[PDB]
Amino acid sequence: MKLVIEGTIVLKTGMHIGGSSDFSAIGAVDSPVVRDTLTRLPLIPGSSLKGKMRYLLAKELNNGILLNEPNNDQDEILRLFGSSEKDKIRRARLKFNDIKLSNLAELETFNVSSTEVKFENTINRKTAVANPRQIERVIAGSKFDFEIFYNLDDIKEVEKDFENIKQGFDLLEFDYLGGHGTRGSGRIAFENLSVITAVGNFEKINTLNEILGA
Amino acid sequence: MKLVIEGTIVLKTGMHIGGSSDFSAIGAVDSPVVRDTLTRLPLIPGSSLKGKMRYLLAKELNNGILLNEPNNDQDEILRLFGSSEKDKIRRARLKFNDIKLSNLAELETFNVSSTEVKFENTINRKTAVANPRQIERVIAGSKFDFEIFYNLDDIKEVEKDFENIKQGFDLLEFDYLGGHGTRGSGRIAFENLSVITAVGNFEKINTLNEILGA
Amino acid sequence: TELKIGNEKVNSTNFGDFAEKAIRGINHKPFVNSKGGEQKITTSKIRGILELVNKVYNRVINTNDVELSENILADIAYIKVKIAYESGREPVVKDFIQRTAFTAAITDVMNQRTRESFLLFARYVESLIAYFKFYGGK
Amino acid sequence: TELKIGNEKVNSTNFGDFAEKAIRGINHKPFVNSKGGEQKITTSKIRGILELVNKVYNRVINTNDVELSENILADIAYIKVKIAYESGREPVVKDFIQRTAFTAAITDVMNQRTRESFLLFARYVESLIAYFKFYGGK
Amino acid sequence: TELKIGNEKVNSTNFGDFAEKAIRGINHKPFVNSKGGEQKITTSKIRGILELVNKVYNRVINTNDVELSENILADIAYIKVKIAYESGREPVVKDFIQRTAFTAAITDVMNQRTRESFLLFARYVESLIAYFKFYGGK
RNA sequence: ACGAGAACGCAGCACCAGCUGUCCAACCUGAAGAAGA
RNA sequence: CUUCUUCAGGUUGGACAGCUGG
């Protein structure tokens with residue numbers, strides 16, 4: 001059925017998933033973050049999380065080498081994240097979703113905005129001139145409750161798939177999610193991870209929840 | 001006797017049903033969504049909703065797997081969605097309709113358009129170079145009130161038919177409706193699911209509503 | 001049915017030719033930056049302006065009224081404000097706006113206050129996009 | 001009549017032969033990309049232009065006037081604008097328009113401004129598509 | 001749906017035309033930092049107020065009500081306090097707020113206690129930024 | 001005082017049934033809020 | 001006592017295309 005992988009993304013540092021500079025208020029920051037159009041809440045796109053997790057897992061399943069196309073990854077990667085191969089198209093077992101900011105009430109009661117404006121500059125070594133730079137980042141401590149849908153295409157290869165999912169989640173821990181992660185932004189910390197059954201009940205779900213929570 | 005299935009489709013995330021991309025003026029978004037030609041309102045085609053619901057329901061009803069042609073589905077799937085076999089032509093009991101969004105006024109209250117533009121890139125792995133692209137999505141929070149006509153042909157299986165219909169709606173809530181679903185898009189929800197009699201009265205319409213509401 | 005540019009005029013039929021000549025003038029004499037550098041405008045540079053134009057075009061076209069509504073005119077004035085902002089942000093975008101007549105056409109749409117003038121303005125911006133991508137592109 | 005196609009004109013007894021010749025010259029030494037070709041055009045690359053031409057043809061065919069009205073000339077001008085659009089959107093369409101002179105025929109129609117000129121242009125376009133299929137297709 | 005810059009402030013128009021006129025007047029005669037001095041404003045000296053206004057706009061756009069809540073009112077009071085602080089810091093922001101009637105707009109928004117009043121105020125702020133960057137900037 | 005007079009080629013029939021505009025893809029890369037004497 | 005408010009680089013690619021029945 002449709003096992004739902006739930007959890008929460010916690011920003012250890014500021015996160016900058018790049019949104020368009022346009023389609024927003026005039027006179028805002030030069031480089032803004034992607035937001036939900038209606039609620040204006042900061043957003044973690046499902047595509048960005050999927051792409052980062054797939055890049056990290058495919059690299060770890062290929063002994064730290066990734067110079068191939070996405071369709072030429074490992075079998076577990078192709079079955080979890082889908083494939084568009086001419087020979088055989090694999091429907092992705094993982095369904096990512098756009099993640100809205102969730103702890104806005106606590107940010108309100110702590111008197112902090114959802115996003116912080118970062119002050120940066122670049123200084124030349126030939127000349128002591130520093131070019132000012134304006135970058136927007138979602139403040140640290142921002143929670144992001146997500147829901148990843150999982151497909152039970154095969155029941156034998158589900159524990160391995162969830163072990164790969166946990167490995168991908170843990171690879172994001174020692175890495176950034178989006179934007180300027182080279183310079184300290186985008187650190188995330190998965191927490192309250194769990195798996196639930198969408199419809200009815202599923203046996204041995206406790207085994208998957210055990211290899212997912214820790 | 002004929003029945004009408006009322007309800008609303010709420011976009012939890014942005015939805016993208018692929019458009020024509022040949023008649024949406026000049027200088028529009030790269031990949032447009034399908035819209036009503038007259039009102040320019042984004043819509044969920046009845047064909048796409050029917051196809052996704054039929055696929056999910058046929059996969060879940062049969063064994064959890066589905067590899068056959070659409071005409072070789074179960075009896076329930078064939079009697080709900082129709083069949084075009086040689087000697088077994090089932091007349092579909094469900095008549096899907098194109099679903100335009102209704103809460104344009106509600107969206108315009110928040111000073112947001114019905115559709116957004118989502119910026120995505122693909123990072124070539126052998127070069128580590130990004131390839132930005134733009135797609136159009138109907139923003140999350142858009143509501144699509146739909147109407148599905150049910151032909152009450154056999155009084156002995158209307159309860160089972162509506163159990164299957166509710167199950168298909170539930171399966172659609174743990175999947176996506178059209179577009180780049182695995183990459184964060186297309187997540188929908190169903191509420192206000194009520195069935196009414198088109199003409200006259202149905203003596204088991206209260207049981208149908210409670211299995212369509214739970 | 002007729003928008004002003006200054007000395008020259010744009011009607012419902014000659015919008016494409018005027019857009020083509022405006023684009024050709026830009027490509028023939030490309031904008032030069034401060035550091036002696038020639039630059040070509042990108043569709044992404046004016047993408048926000050174009051989407052604002054199309055956003056209010058959808059609500060104008062779903063209105064069989066000669067006179068534009070107050071909120072539609074508010075949206076169009078905000079579009080002109082955004083055009084000015086994008087011109088001030090990038091000198092090359094400002095040069096593109098000045099060589100064409102986006103500001104002149106949009107303020108003439110504000111002046112005429114009528115549905116058909118905005119439709120011809122949208123026709124002109126569409127033709128400008130078409131002829132910009134025809135010669136140089138993104 | 002006497003529709004100019006840049007080099008050689010066409011009329012009611014000529015359009016099919018030149019359409020076939022242009023299509024055959026399309027298949028002989030076809031378009032080359034930057035990466036050495038080697039694809040040809042498809043119907044779902046000029047389908048919008050064809051639909052616009054069909055709409056204008058329907059509009060003209062219901063009018064008995066020998067001279068095209070300005071409301072139809074606006075449609076033909078938009079057809080030319082769109083042809084410029086997909087010509088710059090992809091070079092596989094640009095050379096298709098250049099060698100099978102859609103733009104020259106559109107300009108000649110917009111100059112003659114007559115019903116018969118556009119009818120001859122429409123017949124030439126229909127023959128062009130008909131010979132494009134049965135030789136290529138897709 | 002209307003606040004007082006001193007003359008008028010309509011949603012449909014002149015929410016950017018008055019920004020036109022304010023920025024043109026500032027460029028007509030720039031502020032005099034000192035008797036033997038020349039001064040010009042820089043957009044980096046408005047950035048804090050812009051951030052506060054954008055944050056309050058994000059907070060208020062998700063409200064199905066006319067009157068702003070008490071927390072939003074405290075945020076607008078903070079906006080005025082920050083205006084005073086950043087005006088007293090560099091006395092060219094003083095000239096900028098005086099000639100643009102920006103503090104007057106704050107007071108009018110506080111008095112009206114309506115969401116659309118603050119929305120129009122934010123629109124005027126965007127117009128001021130846009131037209132300052134257009135004519136001047138830096 | 002015409003091989004002619006009178007005589008509807010007419011009646012019933014849904015261009016219809018089945019089919020997701022879908023699959024793959026991080027808005028990404030580099031940048032000391034910093035320096036006279 | 002000093003000025004820079006951002007500069008530089010990528011800007012869509014590949015696949016399917018109507019098949020069954022009267």
Side-chain angles (χ1 to χ4, degrees), chain A residues 16-20 30-31 34 45-56 69-71 73 78 81-86 89-92 118-125 127-135 176-183 186, chain B residues 16-21 30-31 34 45 47-56 69-71 73 78 81-87 89-92 118-125 127-135 176-183, chain C residues 42-45 47 137-138, chain D residues 42-44 138, chain E residues 42-45 47 137-138:
Chain A
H16 174 85
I17 305 192
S20 181
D30 311 314
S31 185
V34 54
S47 48
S48 84
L49 175 71
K50 169 179 203 209
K52 199 62 181 195
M53 183 177 177
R54 170 175 198 148
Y55 182 76
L56 287 197
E69 300 326 294
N71 277 353
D73 291 331
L78 280 194
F81 299 102
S83 198
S84 54
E85 295 262 36
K86 296 295 289 290
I89 287 167
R90 311 274 281 288
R91 298 159 149 125
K118 187 180 181 64
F119 281 91
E120 274 206 346
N121 74 80
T122 178
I123 190 167
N124 289 18
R125 282 84 171 90
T127 294
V129 65
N131 198 340
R133 167 163 76 260
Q134 282 299 146
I135 301 290
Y176 46 101
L177 186 39
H180 318 143
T182 291
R183 280 92 65 183
Chain B
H16 171 81
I17 316 289
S20 56
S21 83
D30 298 348
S31 75
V34 60
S47 60
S48 84
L49 167 71
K50 180 170 194 279
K52 202 59 170 169
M53 184 168 174
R54 174 183 195 141
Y55 174 91
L56 298 168
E69 290 285 301
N71 266 318
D73 288 342
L78 289 188
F81 297 90
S83 178
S84 80
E85 273 291 328
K86 274 284 302 172
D87 53 345
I89 298 192
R90 310 299 310 259
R91 288 199 212 255
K118 196 209 182 308
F119 291 73
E120 291 143 291
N121 59 2
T122 177
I123 307 190
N124 189 359
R125 290 177 176 180
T127 316
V129 65
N131 187 294
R133 76 192 168 268
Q134 293 83 18
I135 76 165
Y176 54 96
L177 195 56
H180 311 181
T182 74
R183 271 167 322 261
Chain C
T42 304
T43 318
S44 69
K45 295 289 179 188
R47 181 79 257 187
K138 276 168 262 272
Chain D
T42 75
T43 312
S44 70
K138 295 181 176 66
Chain E
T42 300
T43 187
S44 85
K45 290 181 258 275
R47 65 183 180 180
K138 303 294 178 287

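FYI, side chains are in, hydrogens and waters are out, and symmetry mates aren't considered; it's all heavy atoms of this structure. Every chain is numbered from 1, with letters handed out A, B, ... down the list of sequences.
Remark: side-chain polar atoms of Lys52(A) are not paired, donor with acceptor, to backbone N or O of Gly178(A) under 3.5 angstrom. Without hydrogens or angle criteria, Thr127(A) side chain to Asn124(A) main chain gives no donor-acceptor distance under 3.5 Å. Judged by distance alone, with hydrogens and angles left aside, the side-chain atoms of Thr43(E) form no donor-acceptor pair with the main-chain N or O of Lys138(E) at under 3.5 Å. No donor-acceptor pair under 3.5 Å is formed between the side chain of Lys50(A) and the backbone N or O of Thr182(B).
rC15(F): Watson-Crick or G-U partner is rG22(G), with both key distances under 3.5 Å. Partner assigned to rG9(F) is none, using Watson-Crick or G-U wobble distances below 3.5 angstrom. With a 3.5 Å ceiling on both atom-pair distances, the Watson-Crick or G-U wobble partner of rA35(F) is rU3(G). With both pairing distances under 3.5 Å, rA4(F) is matched to nothing as a Watson-Crick or G-U wobble pair. A 3.5 Å limit on both hydrogen-bonding distances identifies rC24(F) as the Watson-Crick or G-U partner of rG13(G). With a cut-off of 3.5 Å on both Watson-Crick or G-U wobble distances, the partner of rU29(F) is given as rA8(G).
The CD1 atom of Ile89(B) sits 10 Å away from the P atom of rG18(F) (whole-angstrom rounding).
Consecutive bases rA11(F) and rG12(F) are counted as unstacked, their six-membered rings not meeting the limits of centres under 5.5 Å apart and planes tilted under 30°. Both conditions of the stacking definition, centres under 5.5 Å apart and planes under 30° apart, are not jointly satisfied by the base rings of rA31(F) and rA32(F). Both conditions, centre separation below 5.5 angstrom and plane angle below 30 degrees, hold for the six-membered rings of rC28(F) and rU29(F).
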Expected rows: protein N/O vs nucleotides 25-28 of chain F N/O, under 3.5 Å:
residue	atom	partner	partner atom	Å
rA25(F)	OP1	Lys50(A)	NZ	3.1
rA25(F)	OP1	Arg54(A)	NH1	2.5
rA25(F)	OP2	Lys50(A)	NZ	2.6
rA25(F)	OP2	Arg183(B)	NH1	2.5
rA25(F)	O3'	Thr122(B)	OG1	3.4
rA25(F)	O2'	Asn121(B)	O	3.4
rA25(F)	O2'	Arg133(B)	NH2	3.2
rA25(F)	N3	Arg133(B)	NH1	3.2
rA26(F)	OP1	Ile123(B)	N	2.8
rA26(F)	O2'	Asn121(B)	OD1	3.4
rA26(F)	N7	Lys52(A)	NZ	3.2
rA26(F)	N6	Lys52(A)	NZ	3.2
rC27(F)	OP1	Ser47(A)	OG	2.4
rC27(F)	OP1	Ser48(A)	N	3.0
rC27(F)	OP2	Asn121(B)	N	2.9
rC27(F)	OP2	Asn121(B)	O	3.3
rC27(F)	OP2	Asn121(B)	OD1	3.4
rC27(F)	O4'	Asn121(B)	OD1	3.4
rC27(F)	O4'	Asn121(B)	ND2	3.4
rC27(F)	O2'	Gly18(A)	O	3.3
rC27(F)	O2	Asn121(B)	ND2	2.8
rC28(F)	OP1	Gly179(A)	N	3.3
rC28(F)	OP2	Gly18(A)	N	2.9
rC28(F)	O5'	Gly179(A)	N	3.2
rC28(F)	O4'	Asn121(B)	ND2	3.0

Protein-nucleotides 14-16 of chain F N/O pairs closer than 3.5 Å?
none

Atom pairs under 3.5 Å: protein N/O with N/O of nucleotides 14-19 of chain G:
residue	atom	partner	partner atom	Å
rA15(G)	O3'	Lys86(A)	NZ	3.0

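A negative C1'-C2'-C3'-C4' angle places the sugar of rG9(F) in the south (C2'-endo) family. North puckering is assigned to the sugar ring of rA34(F), since its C1'-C2'-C3'-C4' angle is above zero. A positive value of the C1'-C2'-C3'-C4' torsion places the sugar of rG18(G) in the north (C3'-endo) family.
The pair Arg90(B)-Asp73(B) fails the salt-bridge criterion, with no side-chain N (NZ, NE, NH1 or NH2) lying under 4.0 Å from an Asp/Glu carboxylate O.
Side-chain atoms of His16(A) and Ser31(A) include a donor-acceptor pair closer than 3.5 Å. Judged by distance alone, the side chains of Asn71(A) and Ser84(A) do bring a donor and an acceptor atom under 3.5 Å apart.
Counting all heavy atoms, side chain and backbone alike, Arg125(B) lies closest to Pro70(A) at NH1-CA, 3.9 Å.
Applying the 90° criterion around 0 to the glycosidic angle, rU29(F) comes out anti. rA6(F) shows a glycosidic angle more than 90° from 0 and is accordingly assigned anti.
Residue-environment remark: CZ (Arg183(A)) exceeds the threshold of 12 foreign heavy atoms within 6.0 Å.
Nearer the 5' end of RNA chain F, as judged by each residue's closest nucleotide, is the contact made by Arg90(B), out of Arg90(B) and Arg47(E).
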